[PDB]
Ligand SMILES: *CC(=O)SCCNC(=O)CCNC(=O)[C@H](O)C(C)(C)COP(=O)(O)OP(=O)(O)OC[C@H]1O[C@@H](n2cnc3c(N)ncnc32)[C@H](O)[C@@H]1OP(=O)(O)O
Ligand SMILES: CC(C)(COP(=O)(O)OP(=O)(O)OC[C@H]1O[C@@H](n2cnc3c(N)ncnc32)[C@H](O)[C@@H]1OP(=O)(O)O)[C@@H](O)C(=O)NCCC(=O)NCCS
Ligand SMILES: CC(C)(COP(=O)(O)OP(=O)(O)OC[C@H]1O[C@@H](n2cnc3c(N)ncnc32)[C@H](O)[C@@H]1OP(=O)(O)O)[C@@H](O)C(=O)NCCC(=O)NCCS
Ligand SMILES: CC(C)(COP(=O)(O)OP(=O)(O)OC[C@H]1O[C@@H](n2cnc3c(N)ncnc32)[C@H](O)[C@@H]1OP(=O)(O)O)[C@@H](O)C(=O)NCCC(=O)NCCS
Ligand SMILES: [Cl-]
Ligand SMILES: [Cl-]
Ligand SMILES: [Cl-]
Ligand SMILES: [Cl-]
Ligand SMILES: [N+]
Ligand SMILES: [N+]
Ligand SMILES: [N+]
Ligand SMILES: [N+]
Ligand SMILES: [N+]
Ligand SMILES: [N+]
Ligand SMILES: [N+]
Ligand SMILES: [N+]
Ligand SMILES: [N+]
Ligand SMILES: [N+]
């Protein structure tokens, strides 16, 4: 039903390299990564100034110790004006894409004409928690809570790691250890091929880390995870969540990662005022939810909803991004929707690229735009599940 | 500009009592408080079921150790369907009002017909943080970070507590210690008067706590009773020794609480023949230099008024959030709003300030003020750390 | 074999009140408690100056965050000279008595003529530990280790709390929940009757807590004895085994703060300064067995100490068998054939408190008072310690 | 002098001394202690471990080590559950005071076979959270580094030992350069002893389960870099300081143990004694002057032993800092030609609860290599104390 609503255009997008856990980007905070992606995205739009950006929505899940309003720090660090309206969004893994939806809605209701939306996550710098210090604990051992485990990866109702609910997904939909492993191998091979062909070069903004006291500068140019594929070692590794008979493993699951992505949205009127060249048009979107432990297949609800909102049939989509929280998540949603893997994650997915949870919703959108360009497509759809039972999805047209 | 767009109706609101820091509600988590407010608000809507709610936006600032997606936990805790779309919102103190704005917009773009929005905060249960445990620290004493200070009350760019930037406001706009104290006494008096007259009874959803002694029912806000005028005037300053003007009595406290509103489209109102409490006429966000966040409402309130097509002089009551007494004094000065139209049942200095919920808390109180004082047009404005503010214009029906 | 060795005389003893966990003395550090007991004991010796103390041995178990050499801080806090030799001793619950033995041996080898020995513990101010912050721990929940549990109350081998091994002592030697409870009640009533007759007045040095910018507080009494409630005691749940448990919080010793000290002198120094000796050390004995059997290790240390002193078990007028748990005193009375009517005549640690690093010296302080009040000459003190050990000491009241 | 029964050392042993978070950091303090006790006992032909009656073991930072570190050392070494075990803390002097108490227990007849020494795992010293029981309602809190609090900070003045080392440099007139040249000389002496196999006998190598790794050498002596050492910035007083990390002792892991027997037990079992304890001396003075407390304890030990200072063939003066060795040599008139002949802790390592026993094991090796007979070990401790011991090599 977006035909009746004002149009929203993507005029640029950019992402950081995705760094490994405690890896290439672990020295940077989440707002520094976010600032980097925002600044890089704005620098691609000819005829737009960063001072033109009126409002920011930015996803961030594990915000502990990031400081007041992560999104605000992202905006100011990227050089945006202090007049810019900033809001931090948390829909767990869907945060980065819900941020873009809210951004588009803010243009559609006429409250802004230029919006930056995206997400960022530094899982390396997620802290540990001491919960009982204010009132005290008179006697007994206490727990230092891992913020990643508690606020990012554990279902609140069942107190179950997402990995265990991924095993619930493999059981419900009949995917073996071997099927998940061979999917993971294929998505690494796609990510390495895209890397080698330079197909991430446009979307990635390399990061320059100046050296400290005499030490040499470091440039981080590529995602860290794709090169780690060892097929023999992958097929032989122990399961990560269920001993012995488990089907989910560290290699066939998304890793923990650091990264950020950002898109620049403008109204039809601003496109005309500044004579900007749009990259893409947002056609529609959809959020959906179901039983929390079945979050893995919520995209099978969000994607049809988004396609209906956009007025597009599933068969007209040229490329899908289905976020690979786990290999089995992509396999199960492909099966439920009847989407062949030859249309899914054509440059690889999060199992091979990395999964900075608050950024991945926007990261897969930047990659999708690069896939449509490289494969000469027009219609694309991104969908991402989130712990708690939800999923979000968005449909774009490349222009 | 909102008058060209689909109408958004408030059909109910509710709030928890506001508990003191480590006080009457400290045993409850932020989602338990949020669920309580949401359930209470929906119970007031004749002809609407909890299963009609399609989407939830809920503010929450200090989310550490609250678990995955605090808004989702509030929704499911309140008995909403697992189909409900849930998003947590952080705009620091403005979070609870920005959540309501986002819910209105979601109705206006046609993606929902029934939306719950608000905020919650449990400052009592904010944890401390241990950084650097992943990489290690070879040798030396290490710090445990107070999450309230870090993620709630410290300006990121200058690493200054909000109360130091309140001093900046008093210096910038010329408000003395005495003017701030007299303002604080007046707003405590208004809160106590409203308390005794029962004017909070409708908006407050009391909380029953089992005993660890017999059971306790929390029915009143905890802070208003603490006013001691003589002690307030004599206490030492809280952020600048000797010369400071900002004190703990004349600042907002740390608090626990939640508030929720139920929003519906015109079509849903007509389909179910719902009785609206209020109509959203417009809103506005604004921002300026981060250490000047205290007077960002002087930008957001005219923006919300223009968006609603309502002149400032037609507003019957304002809610200017009292992050500090000097914040209300400064914004009243800059906008030329008489205090006789401001926080008529008291403000956060006297009631409490659960940061993620206060933007929604003041809207709930505003609806009550408009009814009690027989007003029609209200405006709520709230500032937030980082330099921002949010404001909303409503019409009581 | 103390007959051919130099004689060691006790010229004074003193202890703090024993405060409950997070209770009346919780604002004081272990060296503040220890300095208080040292200073008070010296104040009792007519003709001796604090500057005459040459060496200090002080027990302390949970020494984390206490700072360098707890014993040295106790000595200096009490006003002893910076020339004073100071060593901190840890034999868990036996620390305070082993310190006295080591002080006695140092006089016997001629290396000192005046020694202060004892023990202190602030279980209140025992910290928690963060053990992997140096190397780091990349992912997962971590533990904050309770220092009382880890360094005070857990057997290192089998990783069990002392209370669980107390149950083992109940099973091994056949004592019921009710028998332990009736022992607990009796020792509480003995503690309360001594409190009421002022029989602790001489050994306790009251503590004055200066009020901040707030009234002063004087702590005069041990805090635990008044807590006896026989109906609640007999009806409380077990504290270490949910189902068949027999060991309870009321019939175990509590967590406590306190210090005690004694002043030791050689034969030649006693005469040179013309001091009235309170008692004479006749012998001592350390023993050890299986760690989880530490409860009955005093049944070895006590006969050993008696043999070392040349005195017979039936000659002893009063015994102090320390009450780590009610069942500990019951089992040691059973094995050794000692009637309860000669054991802890003013109550025991179950009712008085158990500052683990101090209790070995606290019970000797109380034993000297039991000997004076009950008209006795020979006394033996015994105390087990976690890990399987025990220490015992024989004294003659003069 | 003393008129006490004879106490003989029938053996000694030490672990290699590992660097802070280095080659031994995986091991706990009682694991290192047990390793040293077991190796020491295996060297006495005719004595079984079951003959050990009592143990005194030094350990300073005992946080998170568990009940009675000395007991864990004894049982870990395979000693009988009947063995009496006491843990001793006299800060850096703990390992030598432990040996003194062990000797005294033989002398009063309460034992005929005593094991004594010390252990320390500074790598595994934890951090403290001090106010969790009563709580802290608002505000950033602090985690205490256990090393700094219980090992290296004078309780009176809240000053690290290095700052009081600067006080030593100023009091007795020792320059940055003089402290550096002492440091290089002691590193050189330790490197030479290493290459000549002179630590092979005293060191009991540690086998770590992997590929498996074997620790055979002290880790610190290879670190000497004279250029960097003379150029590095001071570590306790910026700009003008004289004390540095290279000329100070490091943080280290390690244990050492000695086996003591009475005359009667030596005769009954026909044991060949390594040495005889002749005397000892503890002394103390102003806490911030702990650096020169050995200048009191050494004369005291010598007098107790009936030995004049000039008759000592070799001294071990523990090198808590380079300036500590300089100041005590200057005050006692001891020429550097007779001090720490195989290097000291500035080059070897300084696991504080073990160092007092460590230098005694090394002193026995120095006396044998240098054809000496009378040796004296002295070690200062934070808080103002020092301990010293005199042995005769047999
Ligand atoms: C009661 C008593 O007896 S007191 C004795 C108790 N122990 C102590 O007092 C320990 C005192 N020492 C310390 O507290 C620490 O070791 C200090 C803080 C002094 C050293 O910490 P640090 O981080 O500065 O030391 P390092 O990590 O080892 O780095 C030092 C720096 O200097 C280089 N370097 C070390 N040793 C060298 C030698 N022998 N030769 C040449 N260079 C050396 C080292 O490579 C480092 O250089 P960088 O390149 O800057 O890292
Ligand atoms: C699964 C998880 C616990 C990782 O555990 P981990 O074992 O420590 O992960 P690692 O990086 O150490 O990988 C383990 C092993 O697999 C190897 N490995 C990793 N990726 C590999 C690959 N593609 N090919 C071959 N080997 C691989 C590693 O080399 C390592 O081998 P090793 O045992 O010899 O060291 C963590 O990544 C996780 O929880 N992921 C899920 C994230 C998530 O849930 N996101 C949100 C979804 S809703
Ligand atoms: C100001 C602040 C630090 C409180 O500090 P505090 O020292 O703990 O203040 P307290 O609540 O403990 O009360 C201090 C004294 O004032 C008294 N007091 C509190 N409210 C009073 C009142 N209304 N009238 C008279 N006396 C009062 C108390 O009785 C207390 O007395 P005491 O010293 O004898 O105990 C904290 O509440 C704060 O940071 N407020 C600002 C929070 C904020 O920034 N919110 C977001 C804004 S953007
Ligand atoms: C056993 C231990 C865990 C106590 O745990 P605890 O339950 O928290 O102890 P508490 O005193 O707080 O609780 C005791 C309960 O019984 C009551 N109680 C305690 N002593 C009582 C007494 N003499 N008479 C009647 N009631 C008593 C208390 O009122 C309390 O009642 P409540 O349920 O209403 O709160 C702890 O004290 C311990 O480990 N002791 C062993 C000491 C030790 O190991 N020493 C060295 C070994 S060698
Ligand atoms: Cl959800
Ligand atoms: Cl802002
Ligand atoms: Cl033992
Ligand atoms: Cl000392
Ligand atoms: N790029
Ligand atoms: N992976
Ligand atoms: N209803
Ligand atoms: N109500
Ligand atoms: N207040
Ligand atoms: N007394
Ligand atoms: N008790
Ligand atoms: N042997
Ligand atoms: N050896
Ligand atoms: N060194």
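Here chain D follows Swiss-Prot for its numbers: 1-210, 215-398, in order, are the residues you see.
Each Cβ is built from the backbone N, Cα and C atoms, and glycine gets one as well.
Cross-referencing D:91, D:113, D:343, D:350 with the K(+) binding residues that Swiss-Prot gives (D:187, D:249, D:250, D:252) picks out D:350. Per Cα geometry, D:253 is the residue among the recorded positions D:229, D:232, D:253, D:384, D:385 nearest to residue D:350 (K(+) binding site). When Cα-Cα distances from residue D:92 (active site, acyl-thioester intermediate) are compared across the recorded positions D:232, D:354, D:385, the shortest belongs to D:385. The recorded positions shown are D:187, D:354, D:384; of these, the one with its CA atom nearest the CA of residue D:253 (CoA binding site) is D:354. Of all the binding-site residues listed here (D:229, D:252, D:253, D:385), it is D:229 whose C-beta has the fewest other C-beta atoms within 10 angstroms.
A gap of 19 Å separates the Cα atoms of residue D:384 (active site, proton acceptor) and residue D:249 (K(+) binding site). Geometry remark: residue D:187 (K(+) binding site) versus residue D:232 (CoA binding site), CA distance 14 Å. Here the Cα atom of residue D:249 (K(+) binding site) is found 12 Å from that of residue D:229 (CoA binding site).
Of all residue pairs in D:229, D:232, D:253, the annotated binders of CoA, the farthest apart have Cα atoms separated by 16 Å. Contacting chain C by the Cβ rule (under 8 Å between Cβ atoms), the recorded positions D:187, D:232, D:253, D:354, D:384, D:385 reduce to D:385. Under 8 Å, Cβ to Cβ, and six or more positions away along its own chain, residue D:232 (CoA binding site) finds D:250. Between the CA atoms of residue D:385 (chloride binding site) and residue D:354 (active site, proton acceptor) there is a gap of 12 Å. Shown are the recorded positions D:92, D:249, D:350, D:384; of these, the residue with the fewest other Cβ atoms within 10 Å is D:249. Counting only residues at least six positions away in the same chain, the Cβ atoms of D:17, D:92, D:253, D:254, D:255, D:256, D:322, D:323, D:324 sit under 8 Å from the Cβ of residue D:354 (active site, proton acceptor). Each residue contributes its Cα atom, and for residue D:252 (K(+) binding site) and residue D:229 (CoA binding site) these two points are 14 Å apart.
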